[PDB]
Structure formats: structure tokens, C-alpha cells
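Participant: Below you'll find the sequence and an experimental structure to go with it.
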Amino acid sequence: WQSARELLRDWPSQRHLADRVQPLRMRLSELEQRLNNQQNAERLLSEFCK
Amino acid sequence: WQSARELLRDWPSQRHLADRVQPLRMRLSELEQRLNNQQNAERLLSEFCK
Amino acid sequence: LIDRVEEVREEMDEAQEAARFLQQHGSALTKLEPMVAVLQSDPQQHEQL
């Protein structure tokens, strides 16, 4: 009884949160460019300082 | 009976999603700032085109 | 042109409505949830039942 209640507790949450996957895809892709460009500019500045 | 059943069905979802208000709040704040940046740099871009 | 602000703002409307309602009735819902089935048994309907 208790376990099943916990399962059906999660189930609403499960679908609701899984809906967000695709937004998260674009989010992660977009932040990747932050990573990449930060690294690139780090190059550039180090090369200049040299 | 039926209305109560539906209420207790939806109530989980409400709890699941309520916590995200602030996670949502910073999210939209940052997103809207980004859109403002888009608009602003767009105006600058158009002024360059001029 | 994503303009996600529409979607996230709508999500905020939903989530803050939800928090408001939870504050509004949270105790009431918690008190009802243990004995919800009683709603199916009206005392006279119990005898006709």
C-alpha cells in the first residue's frame, strides 16, 4: 500500500518533469557555446599576454 | 466524492510544480535580460547597417 | 526569436497559482486525503445501499 502510494506520488511528477527534456536539450547546447567561447577567448588573451 | 478525487489527483502536480516558481523566476529573468540584449544589440546592428 | 518569455511566464502563472492554492487549502486537503472514500456513502444512501 505505502510503496504503491509513493509510486503514484511520483507518477504525476514523472511525466510533468520529463516534459522538460527538450527545453533542456537546447539549454545545454546553448550553454556549450558559452563554454567553447570562454575557452577560445582564454586562448586569445593568453596568446596576447605572451 | 468525484471532485475530491480530482482535487487529490491535481494536488500532487501543484506541489510538484510550485517549488519551481523561483527556479522559474531566475530563469525568466535571465531569459528576458537575454532578449533585451538581443533587442539592444539588434538596434546597434541596425545602426551599423545605417 | 525563441521569445520563451511567454512560456516561462505562463509557467510562473501556473506555479504561483499552485503555491497560493496550496497555502489556501493545504491543511484542508491534508485532512480530507485520509478519509476521502466517505464521500461515496451518504447515511441514507447507506441504507438504500
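Facilitator: Nice, thanks for sending it over. Numbers count the residues shown, from 1 in each chain, chains lettered A, B, ... in the order given.
Participant: Excluding sequence neighbours, find me the nearest residue to residue C:16.
Facilitator: In space, and not counting its chain neighbours, residue C:16 is closest to residue B:21: 5.5 Å by C-beta to C-beta, 6 or more residues apart in numbering or on different chains. In short, each C-beta sits where N, CA and C put it, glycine included.
Participant: Enumerate every residue touching that neighbour.
Facilitator: By C-beta atoms under 8 Å, 6 or more residues apart in numbering or on different chains, the contact list for residue B:21 reads C:12, C:15-16, C:19.
Participant: ok, which stretches of the chain are helices?
Facilitator: Looking at chain A here, since you left the chain open. Ranges of helices within chain A are A:2-18, A:21-49, based on DSSP state H.
Participant: My question was about chain C, not that one.
Facilitator: According to DSSP H, the helices that chain C contains are C:5-32, C:43-48.
Participant: Is it possible to get CSV of those helices that adds mean neighbour count?
Facilitator: Shown next, in CSV, are the helices of chain C (neighbours: other C-beta atoms under 10 Å in any protein chain shown):
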stretch, mean neighbour count
helix C:5-32, 14
helix C:43-48, 7
